[PDB]
Amino acid sequence: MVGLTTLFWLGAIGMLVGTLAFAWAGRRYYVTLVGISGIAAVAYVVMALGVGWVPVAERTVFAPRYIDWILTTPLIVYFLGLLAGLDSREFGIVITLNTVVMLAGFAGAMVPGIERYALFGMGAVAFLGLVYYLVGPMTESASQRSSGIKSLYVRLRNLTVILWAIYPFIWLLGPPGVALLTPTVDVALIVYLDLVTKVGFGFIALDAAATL
Ligand SMILES: CCCCCCCC/C=C/CCCCCCCCOC(=O)[C@H](O)CO
Ligand SMILES: CCCCCCCC/C=C\CCCCCCCCOC(=O)[C@H](O)CO
Ligand SMILES: CCCCCCCC/C=C\CCCCCCCCOC(=O)[C@H](O)CO
Ligand SMILES: CCCCCCCC/C=C\CCCCCCCCOC(=O)[C@H](O)CO
Ligand SMILES: *C/C=C(C)/C=C/C=C(C)/C=C/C1=C(C)CCCC1(C)C
Ligand SMILES: CCCCCCCCO[C@@H]1O[C@H](CO)[C@@H](O)[C@H](O)[C@H]1O
Ligand SMILES: CCCCCCCCO[C@@H]1O[C@H](CO)[C@@H](O)[C@H](O)[C@H]1O
Ligand SMILES: CCCCCCCCO[C@@H]1O[C@H](CO)[C@@H](O)[C@H](O)[C@H]1O
Ligand SMILES: CCCCCCCCO[C@@H]1O[C@H](CO)[C@@H](O)[C@H](O)[C@H]1O
Ligand SMILES: CCCCCCCCO[C@@H]1O[C@H](CO)[C@@H](O)[C@H](O)[C@H]1O
Ligand SMILES: CCCCCCCCO[C@@H]1O[C@H](CO)[C@H](O)[C@@H](O)[C@H]1O
Ligand SMILES: CCCCCCCCO[C@@H]1O[C@H](CO)[C@H](O)[C@@H](O)[C@H]1O
Ligand SMILES: [Cl-]
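Just so we're aligned, residue 276 is where the sequence shown starts under my numbering, counting upward by one.
Structure follows, in structure tokens:
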């Protein structure tokens, strides 16, 4: 009743609507949000059209998903870094930590043997370091800003930390890991998370930009 392609089209539409909404409201932050959801829109369309479905051993890996993540997640971290007022050196640490997470996940998905769990573990370790920087140094830094900016940062940070922490569990329980969850359920869960961590993220920012 509900196929993989239908789910991909749903993600595509959701990202498209977010993209147009952000572009209009911007008639730096607004341009970043267009990139976050705009890139994801393209990845989902490609996947909806059946492009980039790589067979690996016994499972199917969706390559556009990881290219999406590698480009859009640093933009989310960048957005949060601007809110917190990071110096260009602090940016380098967190964006480097982020890229290690994304690359490790991409590589582990593409490896058929058990070495893929070794790649997954390395992404997990780097993710814990990324969480430390969001909850600590970047929160210290955001404190120096107005009360409204600091409030916005804390809200987006909380959304980001809680939801991003769920992805490694979905990956591990799905086809890439112990292939418990079926591809359809696993995809459905990730489409939901992608939409909330990108389009939901964006709309919470828009809401605060009008409350000024
Ligand atoms: C715009 C954000 C600016 C911040 C970004 C910071 C650094 C981003 C890191 C980029 C390196 C990503 C390499 C892409 C992998 C391409 C393999 C593609 O190969 C393939 O096609 C698959 O193997 C197919 O199965
Ligand atoms: C300065 C005041 C600004 C006030 C706000 C005005 C916003 C008007 C401009 C853009 C609206 C963006 C929402 C996208 C609607 C497209 C739905 C199109 O319907 C669909 O989604 C199709 O069925 C499938 O894509
Ligand atoms: C250390 C600090 C250095 C500062 C680094 C800044 C990095 C980020 C800078 C600008 C954000 C890039 C936005 C990309 C928009 C293009 C996607 C367009 O997406 C699309 O494909 C179409 O929209 C599809 O409809
Ligand atoms: C001031 C802003 C500066 C921004 C700097 C961002 C640069 C970060 C770039 C690359 C980080 C590479 C980490 C390599 C681990 C990837 C594991 C996956 O790789 C592998 O496992 C093997 O290579 C595959 O054979
Ligand atoms: C818009 C897309 C988003 C916000 C995607 C987020 C994805 C993650 C936080 C994934 C994290 C992973 C780990 C922590 C370990 C390795 C496997 C990953 C890539 C699923
Ligand atoms: C500052 C004006 C609003 C933000 C401009 C975003 C610049 C990136 O390009 C954007 O691509 C989108 C489609 O791919 C369009 O919807 C935007 O209008 C376009 O500006
Ligand atoms: C004058 C109104 C400008 C609208 C916002 C700036 C548009 C930025 O344009 C974007 O810049 C990127 C390079 O960083 C390119 O890769 C993108 O393709 C391009 O759309
Ligand atoms: C804004 C327009 C961006 C267009 C990006 C489309 C990327 C999908 O391009 C795809 O790349 C594959 C490479 O093997 C080919 O097999 C597919 O035929 C092709 O559709
Ligand atoms: C060669 C490996 C498969 C990738 C190429 C086949 C693409 C099949 O998909 C087609 O791609 C087109 C891209 O514009 C779409 O317009 C069509 O609606 C779609 O049916
Ligand atoms: C069959 C033996 C494994 C097949 C190839 C495993 C793929 C690991 O190579 C991966 O390719 C891409 C290159 O940047 C990225 O995903 C990763 O950086 C890299 O680890
Ligand atoms: C901009 C983000 C979307 C980029 C996704 C492009 C992924 C292309 O991926 C390709 O798809 C084809 C399968 O149909 C090829 O045959 C595969 O080998 C694969 O490399
Ligand atoms: C946002 C949409 C929610 C849909 C939740 C997923 C429920 C459908 O999950 C089912 O899984 C089976 C395999 O596991 C079938 O093969 C699928 O056809 C699908 O019907
Ligand atoms: Cl996958």
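Cβ atoms here follow ideal geometry from the backbone N, Cα and C, with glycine treated the same way.
Boundaries of the alpha helix (DSSP H) in which residue i is found, first to last residue
i: residue 349; result: 338-359
i: residue 329; result: That residue, residue 329, is in no alpha helix (DSSP H); its beta strand (DSSP E) goes 328-331.
i: residue 457; result: Note, residue 457: premise wrong, no alpha helix (DSSP H); not H, not E.
i: residue 417; result: 412-417
i: residue 425; result: 422-439
i: residue 481; result: 476-486
Check whether residue i and residue j have beta carbons under 8 Å apart
i: residue 405; j: residue 373; result: yes
i: residue 355; j: residue 428; result: yes
i: residue 413; j: residue 359; result: yes
i: residue 469; j: residue 445; result: no
Coarse secondary structure for residue i, derived from DSSP in three states
i: residue 303; result: coil
i: residue 364; result: helix
i: residue 334; result: strand
i: residue 443; result: helix
i: residue 302; result: coil
Euclidean distance between Cα positions of residue i and residue j
i: residue 334; j: residue 420; result: 48 Å
i: residue 313; j: residue 291; result: 7 Å
i: residue 327; j: residue 336; result: 8 Å
i: residue 466; j: residue 284; result: 10 Å
i: residue 393; j: residue 300; result: 43 Å
i: residue 378; j: residue 389; result: 17 Å
i: residue 423; j: residue 315; result: 29 Å
Reference residue i, options the options, closest by Cα
i: residue 439; options: 344, 386 and 279; result: 344
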